[PDB]
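Structure first, then comments.
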Amino acid sequence: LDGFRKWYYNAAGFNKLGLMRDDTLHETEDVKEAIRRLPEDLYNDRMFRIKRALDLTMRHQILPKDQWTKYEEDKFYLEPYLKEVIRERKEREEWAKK
Amino acid sequence: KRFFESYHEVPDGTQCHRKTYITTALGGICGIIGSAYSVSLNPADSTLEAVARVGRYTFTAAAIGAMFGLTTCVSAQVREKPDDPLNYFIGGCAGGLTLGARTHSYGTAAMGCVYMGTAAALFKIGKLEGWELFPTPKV
Amino acid sequence: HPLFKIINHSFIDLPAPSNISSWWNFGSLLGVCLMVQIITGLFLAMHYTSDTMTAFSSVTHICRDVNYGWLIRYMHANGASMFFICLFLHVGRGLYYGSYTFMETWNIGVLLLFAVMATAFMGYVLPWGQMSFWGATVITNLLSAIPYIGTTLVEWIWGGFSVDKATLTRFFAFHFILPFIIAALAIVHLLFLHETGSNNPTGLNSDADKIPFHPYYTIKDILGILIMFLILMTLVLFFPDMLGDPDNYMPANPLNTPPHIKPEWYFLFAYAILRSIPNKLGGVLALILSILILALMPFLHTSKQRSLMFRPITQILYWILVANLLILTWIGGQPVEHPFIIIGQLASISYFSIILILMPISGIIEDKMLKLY
Amino acid sequence: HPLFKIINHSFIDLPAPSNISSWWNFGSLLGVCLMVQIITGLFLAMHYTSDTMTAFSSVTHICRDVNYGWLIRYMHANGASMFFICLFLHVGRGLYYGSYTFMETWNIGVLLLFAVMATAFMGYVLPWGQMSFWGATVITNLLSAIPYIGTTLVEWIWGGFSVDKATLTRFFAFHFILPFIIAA
Amino acid sequence: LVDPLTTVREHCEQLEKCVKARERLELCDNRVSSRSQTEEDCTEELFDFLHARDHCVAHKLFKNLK
Amino acid sequence: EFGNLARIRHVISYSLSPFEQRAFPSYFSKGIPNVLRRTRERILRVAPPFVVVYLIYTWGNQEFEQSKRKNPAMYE
Amino acid sequence: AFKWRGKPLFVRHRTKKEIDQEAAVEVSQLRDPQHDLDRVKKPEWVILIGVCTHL
Amino acid sequence: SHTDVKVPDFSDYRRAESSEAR
Amino acid sequence: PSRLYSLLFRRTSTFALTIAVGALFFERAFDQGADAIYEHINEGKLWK
Amino acid sequence: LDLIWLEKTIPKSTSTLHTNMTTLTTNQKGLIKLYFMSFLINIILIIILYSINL
Amino acid sequence: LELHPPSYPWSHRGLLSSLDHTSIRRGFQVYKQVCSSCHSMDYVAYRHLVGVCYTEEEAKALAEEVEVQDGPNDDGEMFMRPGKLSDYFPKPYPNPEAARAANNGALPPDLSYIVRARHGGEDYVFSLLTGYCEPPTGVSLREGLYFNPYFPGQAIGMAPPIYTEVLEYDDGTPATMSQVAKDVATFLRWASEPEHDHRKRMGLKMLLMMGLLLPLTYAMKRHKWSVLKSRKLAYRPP
Amino acid sequence: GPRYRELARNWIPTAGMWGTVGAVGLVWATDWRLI
Ligand code: HEM
Ligand code: HEM
Ligand code: HEM
């Protein structure tokens with residue numbers, strides 16, 4: 001399962017643009033709240049990675065293979081911050097039903 | 001066995017479906033046999049690993065069976081010339097290419113294309129000229 | 001200046017994503033095609049007569065006696081075909097790249113698609129050939145499906161017991177008036193989009209990389225317009241009758257019926273579905289759903305990634321969907337006999353199961369593979 | 001909704017002067033008249049034929065055989081008359097109260113006035129009566145006055161040596177298409 | 001005067017592909033002769049034979065034609 | 001509009017004037033490799049489906065004809 | 001047919017056999033239960049409207 | 001600071017008195 | 001040639017004049033050249 | 001074309017094709033079980049070769 | 001189930017290949033002497049010929065060679081006059097039924113757009129006119145029928161109208177059945193598309209103009225898009 | 001949940017009234033005699 005997940009990570013292809021997994025999340029309301037709660041350096045790296053991926057997609061290029069994002073290396077930075085947004089979101093919801 | 005033979009009965013370039021199916025089976029059969037020898041000797045490390053190898057060899061062989069069948073049939077279809085070693089060569093040409101890909105090597109595709117295609121072409125000629133293989137002793 | 005303010009806002013200083021491919025040209029092409037159709041339609045309207053005695057005679061008079069009237073007529077017909085080509089590729093771009101999450105833009109789109117299909121149907125009825133008359137009857141009797149409301153409604157459109165002059169004239173009036181409603185709905189389509197901006201093929205937030213539109217996506221739209229004009233003209237001036245049907249060059253005979261009747265290419269996928277369902281009503285409904293399933297599409301998105309650039313399993317399912325859409329287009333053409341029917345039945349089952357069931361399950365699986373679910 | 005904003009920006013929360021008289025109604029009436037004309041025109045277009053053999057016959061068929069077709073036809077004609085009454089009173093309001101200092105609004109207005117006059121002229125040509133044909137020839141002849149390119153222009157519009165079917169059909173197309181340009 | 005078609009036809013016609021086709025038709029013709037009391041016809045055989053013949057003739061009638 | 005679209009920081013961006021740079025730098029030099037790079041990246045996810053389409057198409061056509069073909073035993 | 005009311009007005013005459021088979025047809029087993037005579041005042045004479053119930 | 005690096009090379013882009021022609 | 005830029009491309013007005021004038025003559029040349037081709041391609045078949 | 005392309009294709013390739021083929025066929029554990037099982041496979045295939053061509 | 005006419009190497013089959021106008025003239029002669037007795041080229045008028053294969057005055061001659069009635073006269077209905085260049089070709093059987101009767105129930109289909117209205121018309125036409133072969137075993141055509149493998153049902157009321165040397169070509173080209181079927185297929189084709197030639201000239205000019213304009217517009221786009229396509233981004237966190 | 005249930009129970013009576021109006025409206029407009 002670990003090797004097949006690495007093979008699917010190579011087949012997804014966002015590592016060839018230098019992106020992380022959390023860069024590829026669709027910005028819903030909860031995702032934008034999690035992005036807003038990021039520290040400044042992580043937010044700046046995320047915006048630069050997104051801009052570089054957009055530029056590479058503009059020129060129809062990819063990064064060189066040494067510059068790709070290694071599956072093992074990818075960091076799920078937004079995840080911790082996101083869970084909270086969802087948790088808080090759900091809590092408010094249940095309370096609504098009260 | 002009446003099955004495989006069917007491939008030859010219908011004129012080439014026609015009923016590609018049957019052709020591709022038959023060719024795919026033969027390749028696959030060879031895949032099994034080939035994997036078997038490959039597993040019996042040079043054994044694997046774990047049963048699963050070997051089951052995988054059987055699969056790999058089987059599929060690769062099945063593929064080289066399909067494309068051969070498909071390319072040759074279609075080449076004949078499109079070209080409209082049923083009897084021509086070239087049809088088969090294009091087919092063998094393709095078959096080799098699949099092998100090359102499965103092995104992830106352009107070079108293999110090279111030798112594969114030439115050698116494999118040539119062989120298939122010779123099969124066509126063989127059938128066209130009624131060459132006899134493994135003949136009974138008639139002295 | 002008030003106007004220039006508006007002008008600068010939708011076409012010059014509009015912030016567009018820098019990385020949108022050639023597929024994003026297609027919608028602008030559709031607008032150009034709309035104007036082209038309207039312009040050619042206006043120059044067909046100065047000589048066409050919507051009378052059943054004189055409609056075929058007026059069309060032949062356009063082709064034979066009006067200076068370059070054959071050019072304007074075949075430009076109109078092949079421009080309708082080019083409109084549907086660009087429409088299908090626009091809808092396919094919207095399905096592939098997750099652009100249906102712009103829900104209001106998507107719903108105004110599917111309204112525009114319904115209006116364009118109705119306009120093209122009545123326009124094809126307009127020359128009053130053999131094929132037009134039997135096509136109208138057939139497609140209209142389809143409306144006769146509804147049990148209590150349907151029958152009367154049909155003759156209401158037919159304006160009589162059976163399609164006859166009553167229909168032709170009101171079909172000329174509708175077919176004239178609906179492309180202006182299409183233009184107004186396209187203005188609403190553009191508005192509901194600028195509020196959100198266009199999407200990019202990566203599906204990510206492109207706010208960090210946006211460029212102007214005047215010098216970057218204008219010359220690109222001009223190049224796409226030039227290529228689309230190359231394909232249209234080379235489909236009018238060299239292969240003018242390729243997309244049409246020969247039986248439409250016979251006059252409309254109510255006593256005879258063209259032996260082999262088929263909708264034009266674009267309406268076939270639907271035709272196949274209709275024929276597939278055994279029940280008449282079922283067919284009509286499925287047919288409608290065929291188009292409507294798209295509207296339903298923004299509620300079926302279960303993935304955390306907007307686009308399919310990084311989603312290979314749903315890419316495979318998407319290309320299987322394009323594949324059996326082409327299969328349904330072929331089947332419609334084929335006559336009623338084995339095994340065309342079974343393929344049609346399966347192809348329709350596979351179409352509805354891929355759009356309804358397989359893509360959200362695949363998106364859940366893809367989210368599970370990235371340790372997100 | 002983004003679309004709702006437009007409504008609340010032009011019809012609900014629009015700050016209007018509290019003391020404008022009934023004359024300021026008239027422009028809105030013109031818009032209503034435009035819709036009315038378009039609607040009635042659409043229901044004339046489902047039975048009218050723009051052929052010189054059949055145009056008068058189609059108009060009589062509308063008046064005599066279509067259910068309430070006389071109602072829609074005379075509503076269209078008297079709605080054109082009501083359109084010009086409201087147009088003249090709108091222009092008179094603009095002249096009297098100094099509203100022409102809104103210069104862009106005034107110029108778009110006089111463009112609309114030219115378009116409405118052309119639409120009504122070709123619409124009056126459309127029933128192909130005695131009066132329509134001689135009226136058309138007359139004004140089309142007006143163009144011939146042009147110093148150098150007049151003759152050509154007249155013949156162009158007529159689409160032939162003299163107004164005949166060629167004209168009627170293109171006048172039907174132009175009379176159909178111009179009220180949508182008037183709406184824009 | 002000899003219609004060029006006749007010539008071209010003769011040529012393509014002489015071809016065996018076609019000859020045997022005709023023969024198959026012949027067997028069919030004969031079948032219907034003996035099997036005279038039936039509804040089986042030779043229309044299908046007729047068409048396939050012709051398709052071949054014409055295709056070839058068509059390949060080569062316009063050249064002769066002037 | 002521009003100016004209020006997004007917030008980035010420390011991302012320097014260099015560029016050149018159009019007339020100062022070659023119009024088609026290495027157009028076929030790298031274009032071909034790239035186009036080829038691209039196809040191999042999606043070919044396995046695009047063609048396979050349509051291949052089967054060609055197949056169904058063919059099988060379908062042939063099968064129909066056979067259905068039309070007269071049954072030998074028929075009438076005999 | 002005489003195109004009555006803008007639709008083909010099929011008017012047909014039937015043979016002894018023709019009339020004989022139609023009666024033989026199973027009315028109940030018919031998709032639409034309407035015995036041949038049920039739609040004809042004369043067995044030798046059948047009159048129908050030519051619009052396929054379907055489309 | 002702002003002087004640590006120099007403008008990247010555009011030689012594969014840059015073309016090879018000329019402005020007027022260019 | 002730097003005379004071009006100075007005489008034709010430099011001032012928008014001049015840039016235009018050259019376009020319009022060229023287009024005025026281009027039609028003559030294009031039509032003539034094109035017709036020559038079309039005809040020859042089918043030299044035999046045409047009224048004369 | 002001389003040296004590399006006409007030496008890599010005909011003279012050298014045939015050198016490699018074989019070299020590689022000997023490497024797989026001659027890399028044998030030396031264990032009897034493996035070898036023997038291959039005898040098993042053979043008996044099976046020959047049994048079939050006769051069977052299918054009965 | 002129908003025989004599918006083969007592809008013939010027509011002189012207008014090519015992408016820029018126009019029609020052979022001598023063949024259109026010969027096919028018009030074939031229609032005038034044979035096909036005009038039953039079929040009606042309603043949408044082709046003598047004037048149409050001028051410019052294709054007959055000159056103005058020449059056409060006038062043909063026009064003057066037919067009697068066309070003028071319905072409205074001070075007190076009369078018809079003193080068919082010398083047909084003019086504005087008169088349309090004379091349709092036989094003024095009423096459809098008339099022909100129905102004459103052709104035994106069949107209604108020759110107006111051959112103005114026959115080639116356009118028949119799938120693979122040019123071929124079909126040629127095939128039908130030349131496909132009058134022997135009926136096979138088991139076939140039982142109804143009274144007044146003939147056997148053509150192509151015609152739908154293979155039962156065309158039209159009897160075979162082209163017997164070798166049916167008419168003599170004024171040009172003298174041997175009037176073999178085929179030479180006549182090819183000429184009338186070219187003519188009917190012309191009839192169904194009098195603009196075939198003019199268009200192809202427009203298409204040639206369009207291909208030349210697009211071959212000039214597509215790389216130039218591509219070069220302008222790649223100029224205005226080079227700026228970005230060379231943009232180098234660098235992230236320099238402080 | 002419970003709150004939304006209260007909301008539904010509280011608005012459904014109003015909703016039924018609205019439907020009632022529509023019934024009268026549709027029927028009157030359709031002039032469906034069955035009603
Ligand atoms: C009348 C035919 C249509 C025209 C002229 C048209 C035109 C356009 C244009 C110009 C755009 C802006 C995108 C661009 O050009 O780059 C656009 C966007 C869009 N259209 Fe369409 N469209 C049409 C039909 C449809 C239909 C039928 C749908 C729904 C299936 C649809 C859905 C969308 C969506 C979702 C977008 C936003 C996608 C994006 O810009 O990223 N459109 N359309
Ligand atoms: C206001 C805009 C439009 C006008 C005034 C217009 C006018 C006309 C007229 C008068 C005809 C009959 C003449 C003929 O068929 O040769 C016609 C035919 C047709 N129109 Fe339109 N049209 C318009 C827009 C459209 C649009 C948007 C479509 C596509 C949806 C369309 C598709 C067709 C088609 C398919 C035909 C029949 C072509 C044929 O005869 O083969 N038209 N149009
Ligand atoms: C697009 C909208 C419109 C359509 C489709 C339309 C259509 C028609 C048609 C079919 C007729 C001939 C039947 C008749 O005699 O009334 C007609 C006549 C006429 N239309 Fe219009 N029309 C439109 C808008 C207008 C407008 C805005 C005006 C006023 C400026 C106008 C003024 C007239 C007049 C004066 C006549 C002649 C009435 C008469 O017969 O005495 N129409 N129109």
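Ordering of the structure tokens sets the chain letters (A, B, ...), residue numbers begin anew at 1 in every chain, and ligands are numbered from 1 in the order given.
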Please find the residues of chain K near chain A - the criterion being any atom within 10 Å, counting only C-alpha atoms - and write them as a short mmCIF file (atom, residue, chain, number, x, y, z; two decimals) with N, CA and C atoms, in the first residue's frame.
```
data_model
loop_
_atom_site.label_atom_id
_atom_site.label_comp_id
_atom_site.auth_asym_id
_atom_site.auth_seq_id
_atom_site.Cartn_x
_atom_site.Cartn_y
_atom_site.Cartn_z
N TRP K 225 3.21 37.36 -25.97
CA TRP K 225 3.18 36.34 -24.92
C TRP K 225 4.57 35.85 -24.58
N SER K 226 5.59 36.32 -25.28
CA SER K 226 6.96 36.00 -24.92
C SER K 226 7.27 36.64 -23.59
N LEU K 228 5.77 37.15 -20.86
CA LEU K 228 5.45 36.28 -19.75
C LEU K 228 6.18 34.96 -19.86
N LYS K 229 6.29 34.43 -21.06
CA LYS K 229 6.89 33.11 -21.22
C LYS K 229 8.38 33.13 -20.93
N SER K 230 8.91 34.30 -20.60
CA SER K 230 10.31 34.38 -20.24
C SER K 230 10.42 34.84 -18.81
N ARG K 231 9.30 35.26 -18.24
CA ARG K 231 9.32 35.77 -16.88
C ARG K 231 9.95 34.77 -15.96
N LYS K 232 10.90 35.22 -15.16
CA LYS K 232 11.55 34.33 -14.22
C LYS K 232 11.14 34.75 -12.83
N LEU K 233 10.55 33.83 -12.08
CA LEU K 233 10.10 34.14 -10.74
C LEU K 233 11.12 33.65 -9.75
N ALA K 234 11.34 34.41 -8.69
CA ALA K 234 12.26 33.98 -7.65
C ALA K 234 11.67 34.32 -6.30
N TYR K 235 11.74 33.38 -5.36
CA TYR K 235 11.22 33.62 -4.03
C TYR K 235 12.36 33.98 -3.13
N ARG K 236 12.28 35.14 -2.50
CA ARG K 236 13.37 35.59 -1.67
C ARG K 236 12.87 35.95 -0.29
N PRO K 237 12.49 34.94 0.49
CA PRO K 237 12.08 35.26 1.85
C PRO K 237 13.21 36.02 2.49
N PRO K 238 12.89 37.03 3.31
CA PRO K 238 13.95 37.86 3.87
C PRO K 238 14.90 37.01 4.68
#
```
Close residues to ligand 3 using only C-alpha atoms and all ligand atoms, limit 6 Å, as a VMD selection string: chain D and resid 34 37 to 38 41 to 42 44 to 45 48 73 76 to 77 80 116 119 to 120 123 to 124 126 to 127 176 to 177 179
Proximity to chain G - best of C:31, C:203, C:254, C:69, only C-alpha atoms: C:254
Every residue of chain D that DSSP places in alpha helix (DSSP H), as a PyMOL selection string: chain D and resi 2-7+26-45+55-64+69-96+103-125+130-144+150-158+165-183
Give me the chain I side of the contact with chain K, cut-off 10 Å, one line per residue showing its nearest atom pair and distance in Å at one decimal, counting only C-alpha atoms, sorted by chain and residue number, as a tab-separated table.
```
residue	atom	partner	partner_atom	distance
I:30	CA	K:205	CA	8.4
I:31	CA	K:205	CA	8.1
I:33	CA	K:205	CA	9.9
I:34	CA	K:205	CA	6.5
I:35	CA	K:201	CA	7.8
I:37	CA	K:204	CA	8.9
I:38	CA	K:201	CA	6.4
I:39	CA	K:201	CA	8.9
I:41	CA	K:17	CA	7.6
I:42	CA	K:18	CA	6.6
I:43	CA	K:18	CA	9.8
I:44	CA	K:20	CA	7.9
I:45	CA	K:20	CA	4.8
I:46	CA	K:21	CA	6.3
I:47	CA	K:53	CA	6.4
I:48	CA	K:53	CA	9.9
```
Test item: residues no farther than 7 Å from ligand 2, counting only C-alpha atoms and all ligand atoms, as a compact mmCIF listing (two decimals) with N, CA, C and O atoms, in the first residue's frame:
```txt
# COMPACT_ATOMS: atom_id res chain seq x y z
N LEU C 34 -22.19 33.10 -32.42
CA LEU C 34 -23.52 33.64 -32.23
C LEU C 34 -23.74 34.86 -33.11
O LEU C 34 -24.69 34.88 -33.91
N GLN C 37 -23.87 33.79 -36.71
CA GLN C 37 -25.16 33.19 -37.02
C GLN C 37 -26.22 34.25 -37.20
O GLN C 37 -26.88 34.29 -38.25
N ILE C 38 -26.22 35.24 -36.29
CA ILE C 38 -27.20 36.31 -36.32
C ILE C 38 -27.05 37.11 -37.60
O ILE C 38 -28.03 37.29 -38.34
N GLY C 41 -28.04 34.97 -40.42
CA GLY C 41 -29.47 34.77 -40.33
C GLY C 41 -30.23 35.99 -40.81
O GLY C 41 -31.24 35.85 -41.51
N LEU C 42 -29.70 37.18 -40.52
CA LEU C 42 -30.34 38.40 -40.99
C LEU C 42 -30.30 38.47 -42.51
O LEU C 42 -31.31 38.79 -43.15
N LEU C 44 -30.23 35.86 -44.38
CA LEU C 44 -31.19 34.92 -44.92
C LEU C 44 -32.61 35.44 -44.81
O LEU C 44 -33.47 35.04 -45.60
N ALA C 45 -32.86 36.35 -43.88
CA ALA C 45 -34.23 36.78 -43.62
C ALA C 45 -34.73 37.81 -44.63
O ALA C 45 -35.94 38.03 -44.71
N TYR C 48 -35.93 34.97 -47.41
CA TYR C 48 -36.70 33.78 -47.05
C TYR C 48 -38.16 34.14 -46.82
O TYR C 48 -38.48 35.18 -46.26
N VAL C 59 -35.56 29.22 -50.62
CA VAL C 59 -34.22 28.72 -50.31
C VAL C 59 -33.42 28.47 -51.58
O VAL C 59 -32.24 28.85 -51.68
N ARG C 73 -25.97 31.10 -46.95
CA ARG C 73 -26.76 29.97 -46.46
C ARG C 73 -25.88 28.85 -45.90
O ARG C 73 -26.13 28.34 -44.80
N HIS C 76 -24.35 29.85 -42.72
CA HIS C 76 -25.30 29.73 -41.62
C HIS C 76 -25.41 28.28 -41.12
O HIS C 76 -25.38 28.03 -39.91
N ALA C 77 -25.51 27.32 -42.05
CA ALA C 77 -25.66 25.92 -41.67
C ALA C 77 -24.39 25.38 -41.00
O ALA C 77 -24.44 24.80 -39.90
N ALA C 80 -23.91 26.87 -37.60
CA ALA C 80 -24.66 26.15 -36.57
C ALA C 80 -23.91 24.90 -36.12
O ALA C 80 -23.84 24.60 -34.92
N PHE C 83 -21.04 26.08 -34.05
CA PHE C 83 -21.59 26.47 -32.76
C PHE C 83 -21.74 25.27 -31.85
O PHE C 83 -21.38 25.33 -30.67
N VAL C 116 -30.24 27.13 -27.21
CA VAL C 116 -29.52 26.93 -28.47
C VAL C 116 -30.02 25.67 -29.18
O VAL C 116 -30.19 25.68 -30.41
N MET C 117 -30.29 24.60 -28.43
CA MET C 117 -30.84 23.39 -29.04
C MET C 117 -32.23 23.62 -29.63
O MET C 117 -32.52 23.15 -30.74
N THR C 119 -33.41 26.54 -30.70
CA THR C 119 -33.19 27.41 -31.86
C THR C 119 -32.71 26.63 -33.07
O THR C 119 -33.22 26.83 -34.19
N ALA C 120 -31.77 25.70 -32.87
CA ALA C 120 -31.24 24.92 -33.98
C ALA C 120 -32.28 23.95 -34.53
O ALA C 120 -32.32 23.71 -35.74
N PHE C 121 -33.12 23.38 -33.65
CA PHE C 121 -34.18 22.49 -34.10
C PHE C 121 -35.18 23.21 -35.00
O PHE C 121 -35.49 22.74 -36.11
N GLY C 123 -34.72 26.05 -36.56
CA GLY C 123 -34.01 26.48 -37.75
C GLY C 123 -33.86 25.37 -38.78
O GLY C 123 -33.98 25.61 -39.98
N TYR C 124 -33.62 24.14 -38.32
CA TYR C 124 -33.55 23.02 -39.25
C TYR C 124 -34.92 22.69 -39.83
O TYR C 124 -35.00 22.18 -40.95
N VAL C 125 -36.00 22.95 -39.08
CA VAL C 125 -37.34 22.81 -39.65
C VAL C 125 -37.58 23.84 -40.76
O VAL C 125 -38.24 23.55 -41.76
N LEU C 126 -36.99 25.04 -40.61
CA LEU C 126 -37.29 26.17 -41.50
C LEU C 126 -37.14 25.99 -43.02
O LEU C 126 -37.98 26.57 -43.74
N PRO C 127 -36.14 25.29 -43.59
CA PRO C 127 -36.10 25.19 -45.06
C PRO C 127 -37.22 24.35 -45.68
O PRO C 127 -37.34 24.39 -46.91
N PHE C 172 -40.57 30.10 -37.76
CA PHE C 172 -39.76 31.20 -38.27
C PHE C 172 -39.68 32.34 -37.27
O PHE C 172 -38.60 32.89 -37.02
N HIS C 175 -37.56 31.04 -34.18
CA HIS C 175 -36.17 30.92 -34.57
C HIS C 175 -35.54 32.28 -34.81
O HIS C 175 -34.32 32.43 -34.62
N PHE C 176 -36.33 33.27 -35.22
CA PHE C 176 -35.79 34.61 -35.34
C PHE C 176 -35.52 35.18 -33.95
O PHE C 176 -34.47 35.80 -33.72
N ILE C 177 -36.46 35.00 -33.02
CA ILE C 177 -36.42 35.80 -31.80
C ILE C 177 -35.50 35.20 -30.72
O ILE C 177 -34.91 35.94 -29.92
N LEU C 178 -35.32 33.87 -30.68
CA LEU C 178 -34.53 33.28 -29.60
C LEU C 178 -33.03 33.60 -29.54
O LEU C 178 -32.50 33.63 -28.42
N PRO C 179 -32.27 33.79 -30.64
CA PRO C 179 -30.85 34.18 -30.46
C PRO C 179 -30.61 35.52 -29.78
O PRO C 179 -29.55 35.70 -29.17
N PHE C 180 -31.57 36.45 -29.80
CA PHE C 180 -31.41 37.67 -29.01
C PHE C 180 -31.59 37.41 -27.52
O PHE C 180 -30.88 38.01 -26.69
N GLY C 244 -24.34 18.08 -43.56
CA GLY C 244 -25.77 18.08 -43.78
C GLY C 244 -26.35 16.72 -44.13
O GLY C 244 -25.74 15.70 -43.85
```
Exercise answer, 8 Å around ligand 1 with only C-alpha atoms and all ligand atoms, as a ChimeraX atom specification: /C:20,23-34,83,87-88,90-95,99-103,105-114,116,182-183,186,189-190,193,197-200,294-295
Residue contacts of residue 49 in chain D (12 Å, only C-alpha atoms) excluding same-chain residues fewer than 6 positions away, as an MDAnalysis selection string: (chainID C and resid 45 47:55 165:166 168:170 172:173) or (chainID D and resid 55:62 126:128 165 168:169 172:173)
Two-atom distance - CA of residue 31 in chain E, CA of residue 49 in chain E (Å): 16.8 Å
Shell of 10 Å around residue 230 in chain C, only C-alpha atoms, local chain residues under 5 positions omitted, as a PyMOL selection string: (chain C and resi 224-225+235-236) or (chain K and resi 206-207+209-211+214)
Output the selection as an mmCIF file, in the first residue's frame - C-alpha atoms for each residue.
```cif
data_model
loop_
_atom_site.group_PDB
_atom_site.id
_atom_site.type_symbol
_atom_site.label_atom_id
_atom_site.label_comp_id
_atom_site.auth_asym_id
_atom_site.auth_seq_id
_atom_site.Cartn_x
_atom_site.Cartn_y
_atom_site.Cartn_z
ATOM 1 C CA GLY C 224 -8.586 31.263 -32.078
ATOM 2 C CA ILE C 225 -11.129 33.233 -34.132
ATOM 3 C CA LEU C 235 -16.175 23.318 -44.261
ATOM 4 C CA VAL C 236 -18.254 25.594 -46.434
ATOM 5 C CA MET K 206 -9.137 31.356 -48.498
ATOM 6 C CA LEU K 207 -6.386 28.730 -48.184
ATOM 7 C CA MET K 209 -4.953 33.935 -47.178
ATOM 8 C CA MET K 210 -5.026 31.635 -44.136
ATOM 9 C CA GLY K 211 -1.575 30.291 -44.995
ATOM 10 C CA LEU K 214 -2.049 32.167 -39.446
#
```
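Counting from CA of residue 62 in chain F, the distance to CA of residue 18 in chain B is 11.8 Å.
Proximity to residue 37 in chain E at 10 Å, evaluated using only C-alpha atoms and with sequence-adjacent residues fewer than 4 positions away removed, yields residues 32 and 33 of chain E; 75 of chain F; 138 of chain K.
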Requested write-out: N, CA and C atoms of the selected residues, as an mmCIF file, in the first residue's frame:
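Dumped everything to out.cif:
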```
data_model
loop_
_atom_site.group_PDB
_atom_site.id
_atom_site.type_symbol
_atom_site.label_atom_id
_atom_site.label_comp_id
_atom_site.auth_asym_id
_atom_site.auth_seq_id
_atom_site.Cartn_x
_atom_site.Cartn_y
_atom_site.Cartn_z
ATOM 1 N N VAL E 32 -31.993 -22.131 -56.308
ATOM 2 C CA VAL E 32 -33.355 -21.675 -56.493
ATOM 3 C C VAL E 32 -34.006 -22.438 -57.633
ATOM 4 N N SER E 33 -33.208 -22.928 -58.568
ATOM 5 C CA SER E 33 -33.774 -23.714 -59.651
ATOM 6 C C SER E 33 -34.380 -24.985 -59.093
ATOM 7 N N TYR F 75 -34.783 -21.372 -45.534
ATOM 8 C CA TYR F 75 -35.313 -21.769 -46.827
ATOM 9 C C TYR F 75 -34.662 -23.019 -47.409
ATOM 10 N N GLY K 138 -36.432 -15.433 -58.286
ATOM 11 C CA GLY K 138 -37.295 -15.228 -57.138
ATOM 12 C C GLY K 138 -37.923 -13.860 -57.082
#
```
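Residues in contact with residue 5 in chain I at 10 Å, where only C-alpha atoms are counted and same-chain residues fewer than 6 positions away are skipped, are listed as residues 19, 20, 21 and 22 of chain H; 11, 14 and 15 of chain I.
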The selected residues should be written to file as a short mmCIF file (atom, residue, chain, number, x, y, z; two decimals), in the first residue's frame (atoms: N, CA, C and O atoms).
```cif
data_model
loop_
_atom_site.label_atom_id
_atom_site.label_comp_id
_atom_site.auth_asym_id
_atom_site.auth_seq_id
_atom_site.Cartn_x
_atom_site.Cartn_y
_atom_site.Cartn_z
N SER H 19 18.12 48.09 -32.62
CA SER H 19 16.79 48.33 -32.09
C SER H 19 15.86 48.75 -33.20
O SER H 19 14.75 48.24 -33.32
N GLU H 20 16.32 49.67 -34.04
CA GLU H 20 15.47 50.19 -35.09
C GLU H 20 14.96 49.04 -35.94
O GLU H 20 13.78 48.99 -36.28
N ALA H 21 15.83 48.10 -36.26
CA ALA H 21 15.42 46.96 -37.05
C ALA H 21 14.51 46.07 -36.25
O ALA H 21 13.41 45.72 -36.69
N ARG H 22 14.96 45.69 -35.06
CA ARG H 22 14.18 44.80 -34.21
C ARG H 22 12.71 45.17 -34.11
O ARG H 22 11.85 44.29 -34.16
N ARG I 11 5.79 56.40 -36.95
CA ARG I 11 4.61 57.17 -36.59
C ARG I 11 3.36 56.37 -36.92
O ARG I 11 3.23 55.87 -38.04
N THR I 14 1.94 57.03 -40.19
CA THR I 14 2.68 56.45 -41.30
C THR I 14 2.49 54.95 -41.32
O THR I 14 2.32 54.35 -42.38
N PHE I 15 2.48 54.34 -40.14
CA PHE I 15 2.29 52.90 -40.05
C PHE I 15 1.00 52.55 -40.74
O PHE I 15 0.89 51.50 -41.37
#
```
